[PDB]
Each structure stands twice: as structure tokens, then as C-alpha cells.
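Reminder, nothing fancy here: chain letters follow the sequence lines and each chain counts from 1. When reading the values below, keep in mind they use all heavy atoms of this one structure, side chains included, and skip hydrogens, waters and symmetry mates.
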Amino acid sequence: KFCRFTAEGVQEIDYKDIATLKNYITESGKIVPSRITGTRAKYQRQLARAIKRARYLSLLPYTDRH
Amino acid sequence: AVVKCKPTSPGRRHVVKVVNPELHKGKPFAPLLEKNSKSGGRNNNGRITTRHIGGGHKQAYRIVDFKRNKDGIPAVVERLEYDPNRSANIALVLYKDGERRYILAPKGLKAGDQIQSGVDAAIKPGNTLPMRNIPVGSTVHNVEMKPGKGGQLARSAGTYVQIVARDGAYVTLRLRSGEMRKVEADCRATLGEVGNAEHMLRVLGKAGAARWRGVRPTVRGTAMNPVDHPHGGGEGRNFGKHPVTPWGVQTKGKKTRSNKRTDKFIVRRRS
Amino acid sequence: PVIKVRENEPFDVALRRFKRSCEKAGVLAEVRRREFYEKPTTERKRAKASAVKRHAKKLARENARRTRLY
Amino acid sequence: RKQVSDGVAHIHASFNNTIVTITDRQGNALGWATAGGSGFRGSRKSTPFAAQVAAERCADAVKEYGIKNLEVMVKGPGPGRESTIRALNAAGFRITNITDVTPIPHXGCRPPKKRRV
Amino acid sequence: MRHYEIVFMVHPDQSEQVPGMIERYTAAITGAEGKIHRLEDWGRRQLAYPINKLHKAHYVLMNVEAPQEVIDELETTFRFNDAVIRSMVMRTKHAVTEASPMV
Amino acid sequence: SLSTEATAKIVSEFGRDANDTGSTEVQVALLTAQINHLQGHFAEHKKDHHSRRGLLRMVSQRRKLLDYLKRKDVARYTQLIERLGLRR
RNA sequence: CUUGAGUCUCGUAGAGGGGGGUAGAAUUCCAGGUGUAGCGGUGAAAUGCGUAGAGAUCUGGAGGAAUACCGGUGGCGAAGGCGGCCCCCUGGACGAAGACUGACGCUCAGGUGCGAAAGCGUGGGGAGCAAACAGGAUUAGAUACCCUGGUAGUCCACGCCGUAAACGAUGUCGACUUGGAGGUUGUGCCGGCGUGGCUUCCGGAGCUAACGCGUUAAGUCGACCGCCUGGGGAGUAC
Ligand SMILES: [Mg+2]
Ligand SMILES: [Mg+2]
Ligand SMILES: [Mg+2]
Ligand SMILES: [Mg+2]
Ligand SMILES: [Mg+2]
Ligand SMILES: [Mg+2]
Ligand SMILES: [Mg+2]
Ligand SMILES: [Mg+2]
Ligand SMILES: [Mg+2]
Ligand SMILES: [Mg+2]
Ligand SMILES: [Mg+2]
Ligand SMILES: [Mg+2]
Ligand SMILES: [Mg+2]
Ligand SMILES: [Mg+2]
Ligand SMILES: [Mg+2]
Ligand SMILES: [Mg+2]
Ligand SMILES: [Mg+2]
Ligand SMILES: [Mg+2]
């Protein structure tokens, strides 16, 4: 668990922070359920938005088979 | 605007009119007019060579600029006009040097709009550019088939072409017919669609409305005697033969294109 | 589930690694899920019933831990 | 004829059949075998054993190319996913990579209607 | 006057045009009486997946405070500039004057 | 909705002070401003039914406030509807 | 007069709505390369597809539709409903301090508006799916269930239709009346203690024919509306 973003006082998740976002995607590129990472729901939604934005900018892959 | 007529008389019950209040109500621009008298569909042998042509209203010809050759000089749309010679409306445009021209009215165009042709003209409806300067995917009309010859494709009301690909000296176009066609990328096209799209929604309502347009009645081949038409004859309503033209060519599916000279430019036919 | 066979790794071990990668990514479950169309009403009914059964089972377990069988 | 020494084994493992195609790394087929073409029909066609025999036969069909190393791409939910890879390994190929390439729509098209059996 | 975050990716074969692009876009913004709050030239990055068969692109990140109309003009510029292979314009609540995690 | 500036301007104009945000004239003027503004939105977005429900709520509340004002002080009511150009 | 109702200020979450753009996955089709005898399908088959080179695999292209994961007895909406990402326009809700108006309220026959899916009109579009339809099976038959195909339609614009087990089978508004465990979204103070909104499950009194409901009542009350009066005939006939 240990939702990191509340303990870091973030106001957003920042789609440009690929280091943080790689901790929330599986090796195939899928977004990890918050019931596994322990993320709070609000920050899970922020995280999903950020990952989708990063995927659009090709900073993250959609899958591992591009 | 598409407006139905009220059934105050049987010839009006089914009439559907296209009313465009934006169209100039006065006379057309006289220096761009010339007479064009009727043919009755007869050629210089005086023989009918295209049937069902005759009568209809007197019409003056409007000299329309299909070439759009006046590069780098802006023009402003003065007004839109009814043109009897074509389905599309036309626009009287005024160039900054004082010259006036008629152009095909694109969809959306209206009085006060600015237009321009040339290599550096902005990508805006009504602007005309060589197609090598127009983005792939764009919607265009009045497309040239040879550079400098003047637009010949997509001129009727509502029509347009899509620039689907560019390969070297050629672009591939999707014509309204569905045909995929190549022409040289130096050929000019005008951004946007031809206006007056509701033209096809009109309903003539009565026979006389076809007569006003210079269309004479069509007589069915099966209504004649054998001497007149392959379909002719029979005691009662008979047919019993494969449908043909008055001249005997099969007229239900038989193909007639034979132009080996232009086959190379057809990427795929319409189907 | 892309798997690279590491050096001096027996084949059966790497096959197991690939199998676990596939079972983790849920590829077979996704394929089976997508064989046929299930109406949204059926999907919602299935999800609701699964949640209800999960909750009822959990409560039965909690209240059986207070129950002596013999 | 041509010697390749580095190939890809594509295992199309459907519920009813298993197709094994061995290609070079550019995707050109060198030889193929199927569970359905290896003396198995109907119920026997869709078994791990029929897939194993198909893998053996496809390995035989590419002996002339001198292939030594195999990437393995598995596609589909069929019973021939694993036994095909085991048979390719027992055929003497050095399996250097195993990848699942099963197509997953990210929504995609509406599947056929549910069967009522 | 709204705050925007703009990222645009340039064809890697046009990287040396990026400085001129940056100055021109900044000029349009500032002529509209807008401000440049952040501006980062990330240079060439490897794409996470191919785009138009390319495996690289030149990223530029701008945080501006401009009226909507100049942003629409800029998006139209991005649309018709074949050097710009992708772009994203986002609204932000406030001006972001900081350093992105890419620097 | 109305911006802070337009709201404050209407409050100053129709209110008896810049703090008098609650008087019936201020409420009616704010509603009228938003209704007139939204005419342009709904001319373009004719199928925006969900927003139009909020617009019709604005119309209904304004009608109720006007009726209250007319029953309470008819002269104030007349002044208000003349300033804002309302039929009734 | 300010306690109901409402306005303003500052923020908060949200698949609320309308418009436009765009991304990646996949299906299908088209062109070509490699390759060769099968593929596909079922309970088993057959129809079908394939040596005129299919299926498999690789490359390039076209087009339509839907947005995996996130995703949740999670959220938003009056209901119907709403799910990639980005912008433009826009509705509602909620919280904290105040300030303001001063009963401006509740309900609502008739009226008006919205209203899933299917359907209808005109014009587009059409990948996938699929009423109808065709063939193959199954069977005593099989106008089905299963298989191979497949057209309306499903999609878009605009108009119509006005109905659903449109359901919580529970009208709206207000007040009051033991508890427990969660979810979600605010906010105050020092992970603890409060305090609001929405929400899931259990349960006490009470209520209920019983099943059950149980502070989100089907409990205790008030305001107003809708509706019922044995089964069938019939939500039919006129
Ligand atoms: Mg004729
Ligand atoms: Mg005729
Ligand atoms: Mg006769
Ligand atoms: Mg004859
Ligand atoms: Mg007869
Ligand atoms: Mg006969
Ligand atoms: Mg099937
Ligand atoms: Mg009523
Ligand atoms: Mg429908
Ligand atoms: Mg229709
Ligand atoms: Mg179809
Ligand atoms: Mg069927
Ligand atoms: Mg009913
Ligand atoms: Mg419902
Ligand atoms: Mg329900
Ligand atoms: Mg009911
Ligand atoms: Mg209970
Ligand atoms: Mg009836």
C-alpha cells in the first residue's frame, strides 16, 4: 500500500514524471490497479489521466508490442 | 433553404423549392456576360444528336474564372449570384487592383469574405493553390486535370474531391464518383466544397418545370413500334428481350469506357 | 508477455517464466472474455452478483470464526 | 538451399487447431505444420498431443535450412500453446525468447453473439 | 488570458529548425501580450513507439499565458507544419514557472 | 456562468450597495444577464438539453422573484422591468 | 423578524451536457513478399474457403466502429442515461468563513419539456455484428436452438415516434426516532480527535400477511398530487 502522493503533498501527478508513472504500470504497460499499489482513489484517477497523457506523447508505451 | 409548397393546385402539391435569400436579386455583372443560344440537341449537320433537349428559358452565359490564375492579389466577395448555366451558385469577386471576376461559390462563402490564389495563399475555403501546396487529406473542388488548363473536376453543387495521397509528381484524388484518380500535383484546386448542397433536395413537382429547364419528354422504347426501337412492338404490353439503347447496345450493366490513353491515371474505377 | 531466455537457464524454467508472465498479464482470461458479446445488462448483472457473493462469503467467514463446529 | 540459423516459430493456437509456421526473422515462411494436417481430425485435432506432433513435423520441414535458434511467438488460447514449445525445444532448437502476441482490442469490434447450447 | 502547457514534437531531421520555431511561437504569444512562463528544449528523445515510422522526435515544452485566440492560431500552425509530428495543448490552473522532471 | 467582474458590476449597479447581493433587483438582474448570455450558447447548441434545464431553472426563479417583487412593491417592480427590458 | 427559501465571495470532486480535434489496440478489405496443402467449424459433421495458391507469416495502404488496463455494491445526472486523450461552450452539486434579501415556500389537475432500445422519413456512411433470408446440420418434423454465409439495422445529420420488468416493481417536500462496519468527496484542530455532502452492507425499536423494511423506513407525523376496488372478457371494442 503506502499511497505515496499524499505523503509527498503533490497537487498533481505530472505526466512528465515518467520515473513515478513507471512504478504504476506493469511490464506490459498496463495501469496497475490501486488495490495492488494501495493508491488512494483520487490519486489513482490523477495517475490514470497522467499515464494516458504520457502514452499520447510517446513518453510511455501503450503495450509492449508496438 | 428547402421549402415545400402548399397544395393549392395539383401542380404545386409536390413542388419543393430551394430558396437562398443571400443570392443577389438584381442583374448580373454585365461585362462578364455573353449570349449562349440554344441547340435543340442538334449538331452542325442539323440532326438531333442528343435527344430530349429543347425549349426552356433564355439564358445568358456568365464567364466564370475556372483557372483562378490571379496569384498574389487579394479579392473580396461582393455578392453571390444565381447562375442559370450550372447547379452551383457563383460569386462576383473584386480584386484589389480593380478587376472583377466570377468564381464558383464554395460552401460557407459570403459577401465580404477574402480569397486568394497562388503558392503562398492560405489554406482557407475559396483559396486556390497548386495541389502540391495543399495538405494531403484536404477537401477541394474545381480541380485541374492539366496544369493551367482550368478546373474540370468537382464543379457541380455540393461536389468535392479529397486529396488522398501525394507520390512524386502526382497526387491521388478520390472523385465524387468514387473513382481513385491521379493528376499532376501542379494542377490547381480550390479549398472547400462547392456550395448549394441542397440543390439535390429540390422537387420539380410538375412536367412544366422540366420543360422550363429545356428538357423534352422521354418516350420509352417499349411504347414504340419495332421499326423505331429494338424494344418496340407487341400486342399488349410485351418485352421479351435484353434491354438496349435505341441503337441496340445493352443498357443494363454493359460497360462502354474504351480509352487506353488515360487508363494509366485511373487508380481504381468507381464500382 | 515478452520473455528473453537468460544465459545458462534450463528451458523448463524459462517456459515457466513465460507462463507466469502470461497468467499475470491475464491474456487467456481476456481472450475468453472477448469470444462472444455480452450485453451491458448481463455484464452489470455479473459484476453485481460477484460483489454480492464476495461480501456475503466474507461476512459468513467472519461470523463462522466465532462458531465452534464441535 | 539457403541457411538461416536464426528463426521464429509462430504458434497459432486456436481452440480447434494449432498451426506452426517457422519463419526467418524478417517474416518469410520456411515451413509449416498443423495439428489438423498431422493425422488428427475432430476431437483429436485440438489436443496438446496433436500440437506436439505438429511442432515436430514443422521442425522436420525446416531441417534443410539449418536453423539453430528460435524465437517463439504464441498467439491464441488453444491447448497447443505449451506442448508446441516443449516439442520445439526437444527438437534441438535453442529457444532464445518466448513472446505472447495474442491480439487484444483496446475497447474494437463487437464480438459474435453468445452461443445458446 | 489562460494558462496553457504546450508540448510539440518535431521531425528529428529538422532539429536545427527548432530554435526558429521557438522564437516565432514566443513572438506570436508575446505580441498577443502573453507571457512565457516556462520553456524547455528537451532535444531529441527516443519515442516509446514509432510515429510515422520515426523512432525519435525533438520535444519542446512551453508554459504560456495567452488569450484563447492566439492559442488556436498556434494549434493551426502546428496542424499545417509537417515538421511538427504531434502536439498537445493543456489548460493549467496557474502559471507553471519551475523545472520539469525532464531537466 | 457570469464572471466575477460582470457579477460585481451588476451588484453595484442594481444593489443599494456593493454588499447588497441579496436584494430582489440584484438577483433578477443577475439571472437576466445569464439568460441573455446563454441565448448565444443555445442558438449554437440546440441539443444541449441538460444545460437548458439549468437555463429554464433560471427563467423560473426569475419569474418567481419578479412576482414577489410586484406583490411587495409595484413601483420597484416597474422600474426593474423597464431597466432590464422584460415584458413582465 | 430570520430559523425555510434564495443571492454573493473563495475553493473542491465528478463517464453531467453540446461542439470540434486527435491517439493507440484490434477486426475487415486491398496490393505485394515468403511459403504449401490444407483451413474453418462442431457434440460429431457438413455447408463454406483453398493448388486460379488458401490458412499461417511479413510489409504497405483504405475504411468504419468502439475506447483494454485504470475500473471500484467508484463517480455524475431529474429520469432516460453518461467511460481513451485534448481544446471550446455550458448545467448542476458540495464545503468553509462571512455578508446580503426577508417567507420570496411546498405540492401540482390541465399544460409544457425531456425521455433506453426497436421503429419511421430524408440525406450520408457501413469495418464488425446481425432481425429477414439462403444453405449445412440436428430431428419424427425443426419454418428453431448449433454451423457457414448474410440484408435492413446498428453509425452520422436533421425531423418523427413517446414506449420498456422506463424497477427500489417504493410520488414529491419537510420534521422527528437506539446502533455497527465500510466507500467516496469536502473541511477544522492536534497518524489521533471532530464536522459536512453523497453512498454500500448489517441490524435495534417499531412496522409488516409474511417475506422483509429499518435515520437513504415499508418507523412516527404533516402538505399536496397520482392511482386501486374479484378473475377472465380487456388496456380489447367503439
Ligand atoms: Mg434523355
Ligand atoms: Mg423519365
Ligand atoms: Mg402503339
Ligand atoms: Mg428492330
Ligand atoms: Mg399479353
Ligand atoms: Mg411472356
Ligand atoms: Mg463462433
Ligand atoms: Mg400531467
Ligand atoms: Mg435507435
Ligand atoms: Mg434511418
Ligand atoms: Mg454491413
Ligand atoms: Mg447465425
Ligand atoms: Mg407503461
Ligand atoms: Mg433502467
Ligand atoms: Mg436498476
Ligand atoms: Mg411502475
Ligand atoms: Mg436491514
Ligand atoms: Mg389500444
Undergrad: Between the base of G:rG74 and the side chain of A:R35, is there a donor-acceptor distance below 3.5 Å?
TA: no

Undergrad: Under the 3.5 Å rule, do the base of G:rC69 and the side chain of A:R55 count as making a donor-acceptor pair?
TA: yes

Undergrad: Both distances under 3.5 Å, Watson-Crick or G-U wobble: does G:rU148 pair with G:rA134?
TA: yes

Undergrad: Let's test your reading of the model: under 3.5 Å, does the base of G:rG80 pair with the side chain of F:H50 as donor and acceptor?
TA: yes

Undergrad: To the nearest 0.5 Å, tell me how far D:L88 CG sits from D:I22 CD1.
TA: 5.5 Å

Undergrad: Is G:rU187 paired with G:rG105? Use Watson-Crick or G-U wobble and require both distances under 3.5 Å.
TA: no

Undergrad: Determine whether a donor-acceptor pair (one donor, one acceptor, N or O, separation below 3.5 Å) exists between the side chain of F:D48 and the base of G:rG18.
TA: no

Undergrad: Exactly one of F:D17, F:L65, F:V11 should register a side-chain contact (heavy atoms from CB on, under 4.5 Å) with F:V26. Which one does?
TA: F:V11

Undergrad: At under 4.0 Å between heavy atoms, how does the protein contact nucleotides 120-130 of chain G? Give one character per nucleotide, 5' to 3', with B, S or -.
TA: ---S---BBSS

Undergrad: With a 4.0 Å cut-off on heavy atoms, is C:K58 in touch with a base, just the backbone sugar-phosphate, or nothing at all?
TA: nothing

Undergrad: Quick one: look up who G:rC85 pairs with, Watson-Crick or G-U, both distances under 3.5 Å, and put none if it's unpaired.
TA: G:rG21

Undergrad: Please determine whether any donor N or O and acceptor N or O are separated by less than 3.5 Å between the side chain of F:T21 and the base of G:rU7.
TA: yes

Undergrad: Is there a Watson-Crick or G-U wobble pair between G:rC176 and G:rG32, both distances under 3.5 angstrom?
TA: no

Undergrad: Any donor-acceptor pair under 3.5 Å joining the side chain of D:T23 to the base of G:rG35?
TA: no

Undergrad: Decide whether D:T102 and D:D100 meet the rule of one side-chain donor and one side-chain acceptor closer than 3.5 Å.
TA: yes

Undergrad: Any strand counts, and the cut-off is 3.5 Å on both contacts for Watson-Crick or G-U wobble. Which nucleotide pairs with G:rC129?
TA: G:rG153

Undergrad: Is G:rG121 paired with G:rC158, either Watson-Crick or G-U wobble, both distances below 3.5 Å?
TA: yes

Undergrad: Does a salt bridge link F:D67 with F:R71, judged by any charged N lying under 4.0 Å from a carboxylate O?
TA: no

Undergrad: Going by Watson-Crick or G-U wobble geometry, both distances under 3.5 Å, is G:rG6 a partner of G:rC100?
TA: yes

Undergrad: With a 3.5 Å cut-off and just heavy-atom distances, do the side chain of A:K52 and the base of G:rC70 make a donor-acceptor pair?
TA: yes

Undergrad: Please tell me whether G:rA181 and G:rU28 form a Watson-Crick or G-U wobble pair, using a cut-off of 3.5 Å on both distances.
TA: no

Undergrad: Using the P atoms only, state how far G:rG212 lies from G:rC173, rounded to an integer number of Å.
TA: 29 Å

Undergrad: Under 6.0 Å between ring centres, would you say that holds for F:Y77 and F:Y68?
TA: no

Undergrad: Is there a Watson-Crick or G-U wobble pair formed by G:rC133 and G:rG179, both distances less than 3.5 Å?
TA: no

